[PDB]
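Residues per chain, in single letters:
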Amino acid sequence: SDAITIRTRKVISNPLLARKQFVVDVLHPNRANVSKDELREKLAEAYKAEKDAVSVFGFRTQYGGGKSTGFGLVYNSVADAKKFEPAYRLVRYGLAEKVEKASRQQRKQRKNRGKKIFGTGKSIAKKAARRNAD
Amino acid sequence: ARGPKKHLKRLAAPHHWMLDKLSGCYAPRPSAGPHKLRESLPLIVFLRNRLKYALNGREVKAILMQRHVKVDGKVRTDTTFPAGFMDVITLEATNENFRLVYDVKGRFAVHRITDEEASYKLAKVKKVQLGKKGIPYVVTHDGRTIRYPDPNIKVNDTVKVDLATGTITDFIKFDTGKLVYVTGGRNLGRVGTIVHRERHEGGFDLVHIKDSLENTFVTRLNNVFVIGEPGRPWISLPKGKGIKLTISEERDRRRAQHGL
Amino acid sequence: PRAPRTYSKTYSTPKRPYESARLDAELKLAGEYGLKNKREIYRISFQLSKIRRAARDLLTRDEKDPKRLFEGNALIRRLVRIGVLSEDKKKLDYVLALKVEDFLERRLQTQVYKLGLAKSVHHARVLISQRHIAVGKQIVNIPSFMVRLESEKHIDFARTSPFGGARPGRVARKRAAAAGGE
Amino acid sequence: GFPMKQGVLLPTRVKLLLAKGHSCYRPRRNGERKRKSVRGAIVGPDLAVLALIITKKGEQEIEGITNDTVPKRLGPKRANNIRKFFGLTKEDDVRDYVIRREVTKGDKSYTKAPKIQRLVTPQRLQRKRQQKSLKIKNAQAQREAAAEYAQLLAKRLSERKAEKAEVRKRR
RNA sequence: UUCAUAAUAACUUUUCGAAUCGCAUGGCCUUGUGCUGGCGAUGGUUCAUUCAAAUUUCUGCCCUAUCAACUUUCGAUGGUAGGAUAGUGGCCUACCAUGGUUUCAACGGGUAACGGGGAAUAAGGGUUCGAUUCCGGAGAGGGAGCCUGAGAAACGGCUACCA
RNA sequence: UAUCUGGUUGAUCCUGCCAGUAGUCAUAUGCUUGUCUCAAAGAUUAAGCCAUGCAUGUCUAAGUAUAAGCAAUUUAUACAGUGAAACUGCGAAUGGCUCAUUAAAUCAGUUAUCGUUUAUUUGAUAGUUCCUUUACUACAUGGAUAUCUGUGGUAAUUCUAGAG
Ligand SMILES: [Mg+2]
Ligand SMILES: [Mg+2]
Ligand SMILES: [Mg+2]
Ligand SMILES: [Mg+2]
Ligand SMILES: [Mg+2]
Ligand SMILES: [Mg+2]
Ligand SMILES: [Mg+2]
Ligand SMILES: [Mg+2]
Ligand SMILES: [Mg+2]
Ligand SMILES: [Mg+2]
Ligand SMILES: [Mg+2]
Ligand SMILES: [Mg+2]
Ligand SMILES: [Mg+2]
Ligand SMILES: [Mg+2]
Ligand SMILES: [Mg+2]
Ligand SMILES: [Mg+2]
Ligand SMILES: [Mg+2]
Ligand SMILES: [Mg+2]
Ligand SMILES: [Mg+2]
Ligand SMILES: [Mg+2]
Ligand SMILES: [Mg+2]
Ligand SMILES: [Mg+2]
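What counts, and where the lines are drawn
- Residues numbered from 1 in each chain as written, not as in the entry; some residues may be left out.
- Chains lettered and ligands numbered in written order.
- Part of a larger assembly, values for the part shown.
- Heavy atoms only, no water.
- Residues with missing side-chain atoms left out of burial classes, pairs and counts.
- Helix = DSSP H or I, 4+ residues; strand = E, 2+ residues; numbered from the N terminus.
- Rg over C-alpha atoms; globule rule 2.2 N^0.38 Å.
- Contact = heavy atoms within 4.5 Å.
- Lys, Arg positive; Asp, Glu negative; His and termini not counted.
- Charge placed at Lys NZ, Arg CZ, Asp CG, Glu CD.
- Near = heavy atom within 4 Å.
- Polar contact = N/O pair within 3.5 Å; in protein donor to acceptor, adjacent residues only side chain to side chain.
- Domains from an automatic or database assignment.
- Nonpolar A, V, L, I, M, F, W, Y, C, P; charged D, E, K, R; others polar.
- Expected span 1.5 Å × (residues − 1).
- Buried < 20%, exposed > 50% of the residue type's maximum accessible area, 1.4 Å probe, protein only.
- Arc of directions from axis to C-beta.
- Buried area = accessible area lost by both parts, 1.4 Å probe.
- Salt bridge = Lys/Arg side-chain N within 4 Å of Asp/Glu carboxyl O.
- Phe/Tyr/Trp six-rings, centres within 6.5 Å; stacked < 30°, edge-to-face > 60°.
- Core = buried A, V, L, I, M, F, W, Y, C linked by side-chain atoms within 4.5 Å.
- 1 Å grid on protein atoms, 1.4 Å probe; cavity = no way out; pocket = protein on both sides within 12 Å on 5 of 7 lines; lining within 4 Å.
- Points joined across faces, edges and corners; volume = space filled by probe spheres on them.

As documented in the archive entry, the model was determined using cryo-EM at 3.85 Å resolution.

Next up, the structure:
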């Protein structure tokens, strides 16, 4: 009796992004929130699209279960998703890896260190070696 | 401030922008452009808010960068381009065109214009001056400095711009008895049938204007914009025709036209 | 630099702090309506004061004035929709006599009891705080909820929770588990 | 370690205000003057390092200056500069006379040569023709517009003369 | 309007009027590397437009008269002319005149006073507060000086004095 | 949200305050303290002083490339891919903080700029640069300078001296 009931509202086809956008309402009796990836699959098979070219988020369930609301898009192609969706949701859907970044303070300190020096670091290596040597 | 100001805080943006005073601290300031930033409407608000075509400023920048919006036949890829009054916005995607006309309440309501009459434009002359080498030029509210106009065109007039090349098509002379459209202050967005022009020589000429339902009101000259001769508006009015029904009739027609 | 999120106050403490008859009356209304803190009565009296102030302001001007007409009809429409004042006294002047009891009548536990399901309205209050009642497939843990007339027909139990045909829950279940096991 | 400035004509160190153009200082921010200390021009004992240019060759060869030769670092880049460097008969297609740097990454031999500026491509002539043709087209269009406007005003002036004549004859 | 614009005369230690980049590289055949053509990007004179910037009219600022005359040799009020300004202007300079404000509170003193949109308070009338979510103004220890730049008397920009 | 009550006298009426009362986007402080939503916050005394860290840097197909950097596999004889550094241009005059100075000063409403400057943004705009056009580069005029390579100076500073 699970019967995850997905329905779409306020959909419009926006070819500017090469997309169809809509708001998702999900009716799930005696069950908690419904695991976005499952919604990706259900919508993709619904609009006859790939599980990749769909992107849904914003799932907030109402106070007391039963129904939940989120916001979903279905892209024309997977490449549309690759080129038109912020990368954090790509990592969420696993299509793209999470780009590694040193902590922001690390980057800022390194930038200040670079600003400290005028030009490249090749000219200071041997010079400082000689200076400490002599 | 020692020099120009570049940041616009979210409260300072005009109310007609329909912005959310929540969900953000700033407001998109229009760049320098053909319109006053108090009066204009940036493409960001037009797309992200009014039409709900893009959720976030980033993909709005994406739509702008792909050269799909077309203002007056030009790409205008700026994300905060101040596309002002009754410019035309073309989207070859969906192949659909809009004209930015104030609604009856005043704000920039969307007006679905069809293609063929989306070609041209209407402009209010702000000055007529003899330029260098004795060349007469006319300048409109758009700032479109049109060269060599018909010599009998004068101030306060409406001129038909091709928007293909940038040349005049036709023009309407300002006088009494003429369908006019109001663009400032209390009577913003109203449509009228001018009955009187009144001088107070030396400053702030007024006009007494009659609506479609014999309700007269008087307004300054600078907020007045002719739209056609009585009964045939040169440009399709937005739905409602700016008749300015009073609030009681708003609720009465909401109750009369009730269906949910 | 961030836009102010406005807020407000929603009650009015009385001028006289300890006059007897008023104390007895408040405690009365608390008794037959199961109120938690005196601030409750103070709140409803606050909305009632707002309504009387608006009504006096409107009655000040002549009948058939535009603002009078629009504002008064909107107010009485809100009042009938919320179901406090009758449908026969749609007059904008009977809304002078409310007698704060009437607003309390539309309270959620009060309407629960007057429909039943309660057995000592106090029980209803508890039930409200126990997430067992829904306004047409929507639970409400809020004792007041200021139930409006149209949806009053659909105040019932929820599909989830006991009393509405669901899993017994956390005490009878554990007793049954202990009885089966031992 | 204080550097000396040319044109101080002094055997001592002096505080001085400097900006762009002068040596002894580099302006980080645009157009910022800085007051810095610089050594004078007269040489005494108090100088740690002397940067001397040797002008004429001497009798005694010095081991590490004259017999060896540091290779000239980077060849000319502008086309006229290359022609002048090689003396290359101006209409000699200097394109192929550039000094190639074949670089060996260790296993793959690749090419690397400077891009010549000021080179007379057909593209530059294309641009020149474009500019000239557009300018002439615009000037002619403006002349046409002026002609049409003059014709229009002649027509209107004739109409107004006819009207005034009609009024004068009528009254 | 001595405005726009035009015209005549001359002047200029002669300003600008493309020696700049991407893509695509079509057509003519003068069949050569020949002549030619697009969509662009940057610059570029002038005038508009916009973002502004300055100055500016009227009217409106709390307490104090145990502050009633104040301002003008050093600019106070006005004139002329010039300088300087981006531009009006004692803005400054030279020569003139003697004016300017004030019991309708000037000038002076205090403000634990940034002004304002406002907040608290509430029969009506008011009283108090407003450092601060918005708008202006001022400042970056205190004062002065200045380069760059359309824009600063900048301060995470300089120069000097003082602490 | 038009309300009063206690105290002078042996007692009564009054003028009067004092006190009681109710708020406070007014703070301080005490005692307490379970949940949701929301959220002020070194302003008052010191516009007093600050260690340390960060808070403005930016490159597109399109301004400059021989990084003796990667790329080098499938686009590669002038280079053409990517891309440090540096030159160039642009912004750094916005934002943010604070309320010391300031009393027709700032500011508000309303005016004017026929009295001015205005990068940018958008519209437009320029045949003449010839100077006796029968001896001129226009199929493209010159020299520098960074980065860099190398020798360095100071105890240290976003210090920079010299040569190519
Ligand atoms: Mg600022
Ligand atoms: Mg003139
Ligand atoms: Mg003068
Ligand atoms: Mg104040
Ligand atoms: Mg304040
Ligand atoms: Mg502020
Ligand atoms: Mg300042
Ligand atoms: Mg300090
Ligand atoms: Mg600049
Ligand atoms: Mg300063
Ligand atoms: Mg600063
Ligand atoms: Mg500095
Ligand atoms: Mg006595
Ligand atoms: Mg006694
Ligand atoms: Mg008291
Ligand atoms: Mg809980
Ligand atoms: Mg402080
Ligand atoms: Mg590249
Ligand atoms: Mg730079
Ligand atoms: Mg203060
Ligand atoms: Mg102060
Ligand atoms: Mg004073």
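Is there a simple way to think about the overall build of chain B in this case?
Each helix and strand counted, chain B has three helices and 20 strands in total. Its C-alpha atoms give chain B a radius of gyration of 19 Å, near enough to 18 Å, the size a compact globule of 260 residues would have. Principal-axis analysis of the C-alpha atoms gives chain B an extent of 60 × 50 × 45 Å. The long-range share in chain B, meaning contacts at least 24 apart out of those at least 6 apart in sequence, stands at 45%. On chain B, the mean spot of the 48 positive side-chain charges and the mean spot of the 27 negative ones are 8 Å from each other.

Please explain the protein's contact with RNA strand F as it appears in this structure.
Looking at RNA strand F, there are 90 residues lining it, with A:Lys111, A:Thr120, A:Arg130, C:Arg16 and D:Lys84 nearest. At a separation of 2.5 Å, a phosphate oxygen of RNA strand F approaches a polar side-chain atom of D:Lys77. Residue D:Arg78 places a side-chain N or O atom 3.2 Å away from a base nitrogen belonging to RNA strand F. Of the residues forming the surface near RNA strand F, the biggest block, nine residues, is contributed by helix α2 (residues 122-170) of chain D.

Mind showing me how you'd approach the domain arrangement of chain B here?
Residues and elements named next belong to chain B. Structurally, chain B comprises domain 1 (1-116), domain 2 (121-171) and domain 3 (174-244). A C-alpha centroid distance of 25 Å is found between domain 1 and domain 3. Facing 11 residues of domain 1, the contacting portion of domain 3 comprises 13 residues. Here the side of domain 1 that touches domain 3 is built from residues that sort into six nonpolar, three polar and two charged.

Explain helix α3 (residues 66-82) of chain C here, please?
Every α-helix carries 3.6 residues per turn, so stepping three or four residues along brings you back to the same face. All names here are of chain C. The end-to-end C-alpha distance of α3, which contains 17 residues, comes to 24 Å, matching closely the 24 Å that a straight helix rising 1.5 Å per residue would cover. Among the residues of α3, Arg68, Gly72, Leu75, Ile76, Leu79, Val80 and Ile82 are the ones counted as buried. Buried residues along α3 cover an arc of 160 degrees about the axis, so they all sit on one side. Exposed residues pointing more than 90 degrees away from the buried face of α3 are listed as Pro66 and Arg77. For α3, the elements touching its buried residues are α2 (39-60) and α4 (101-105).

What should I look at first to understand the interface of chain B and chain A in this one?
One widely used convention gives an interface's size as the accessible area the parts lose upon coming together. With nine residues of chain B at the interface, the matching set in chain A holds nine residues. Summing the contributions of chain B and of chain A, the shared interface buries around 960 Å²; its carbon and sulfur component is 75%. Among the residues chain B hides against chain A, the three largest losses belong to B:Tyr53, B:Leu55 and B:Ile63. Together they make up 50% of the total. Connecting chain B to chain A are zero salt bridges. The interface formed by chain B and chain A contains one residue pair in polar contact. For the side of chain B that touches chain A, the residue count by class is four nonpolar, three polar and two charged.

Explanation requested: the packing of aromatic side chains in the structure shown.
Two aromatic rings are characterised by how far apart their centres lie and by the angle between their planes. On inspection of all chains with the given rule, the structure shows 12 aromatic pairs over all chains. Between A:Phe57 and A:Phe71 the ring centres are 6.0 Å apart and the planes differ by 85 degrees, which places this aromatic pair in the edge-to-face class. Placement of the pair is A:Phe57 in strand β3 (residues 54-61) and A:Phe71 in strand β4 (residues 66-75), with a sequence separation of 14 residues. For A:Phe57, a relative accessible area of 18% puts it in the buried group. Here A:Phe71 falls in the partly exposed class, since its relative accessible area comes to 23%. An angle of 45 degrees between the planes, with centres 4.7 Å apart, marks the rings of B:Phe85 and B:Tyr102 as tilted. Taken together, the positions of B:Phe85 in the loop between β3 (69-71) and β4 (88-91) and B:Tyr102 in strand β6 (residues 101-102) put the pair 17 residues apart, joining distant regions of the chain.

When you look at the nonpolar core in this model, what are you seeing that I'm missing?
Nonpolar side chains tend toward joint burial in soluble globular proteins. Within the largest apolar cluster, 48 residues are counted, with the highest numbers of intra-cluster contacts made by B:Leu43, B:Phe46, B:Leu47, B:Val69, B:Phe85, B:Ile89 and B:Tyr181. Mapped onto the domain boundaries, this core takes at least three residues apiece from domain 1 (1-116) and domain 3 (174-244) of chain B. Listed in part, the 18 residues of the second largest apolar core include C:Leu29, C:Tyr33, C:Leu98 and C:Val100.

Help me out: how do you make sense of the protein's contact with RNA strand E in this one?
Residues in contact with RNA strand E amount to 38 residues; listed here are only the nearest, B:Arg2, B:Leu130, D:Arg33, D:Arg124 and D:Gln130. Between B:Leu37 and RNA strand E, the recorded distance is 3.3 Å, taken from a backbone N or O atom to a phosphate oxygen. For RNA strand E, a base oxygen lies 2.7 Å from a polar atom in the side chain of D:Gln126. Among the secondary structure elements, those contributing two or more residues to the surface near RNA strand E are β9 (121-131) and β10 (135-140) of chain B together with α2 of chain D. For the surface near RNA strand E, the element with the most residues is α2(D), which contributes eight residues. In the surface near RNA strand E, the residues fall into 10 nonpolar, 14 polar and 14 charged.

Looking at this structure, how should I read the side chain of B:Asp157?
All names here are of chain B. Along the chain, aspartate 157 falls in the loop between β11 (146-147) and β12 (158-161). Buried within the structure, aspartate 157 lacks any salt-bridge partner; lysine 173 is the closest side chain of opposite charge, at an N-O distance of 4.2 Å. Within polar-contact distance, the side chain of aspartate 157 engages the backbone nitrogen of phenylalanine 174 at 2.8 Å.

Just checking my understanding: could you explain empty space enclosed by the protein for this structure?
Any empty space left between the atoms is revealed when a probe the size of a water molecule rolls over them. Residue and element names in this part refer to chain B. Of the volumes computed, that of the largest cavity is approximately 60 Å³. Residue lining of the largest cavity: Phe85, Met86, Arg99, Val101, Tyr181, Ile227, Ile235, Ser236, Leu237 and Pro238, and that is the complete set. Its residues assigned to classes, the lining of the largest cavity shows eight nonpolar, one polar and one charged. Two domains each donate at least three residues to the lining of the largest cavity, and these are domain 1 (1-116) and domain 3 (174-244).

How should the interface of chain C and chain B be read in this particular structure?
Of the residues lining the interface, seven residues belong to chain C; the matching set on chain B comes to six residues. Where chain C abuts chain B, roughly 650 Å² becomes buried across the two surfaces, and 67% of that area is made up of carbon and sulfur atoms. It is C:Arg2, C:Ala3 and C:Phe70 in chain C that bury the most area against chain B; as a group they hold 59% of the surface buried on that side. At the surface where chain C touches chain B, the tally comes to zero residue pairs in polar contact. Looking at the side of chain C that touches chain B residue by residue, the class counts come to four nonpolar, one polar and two charged.

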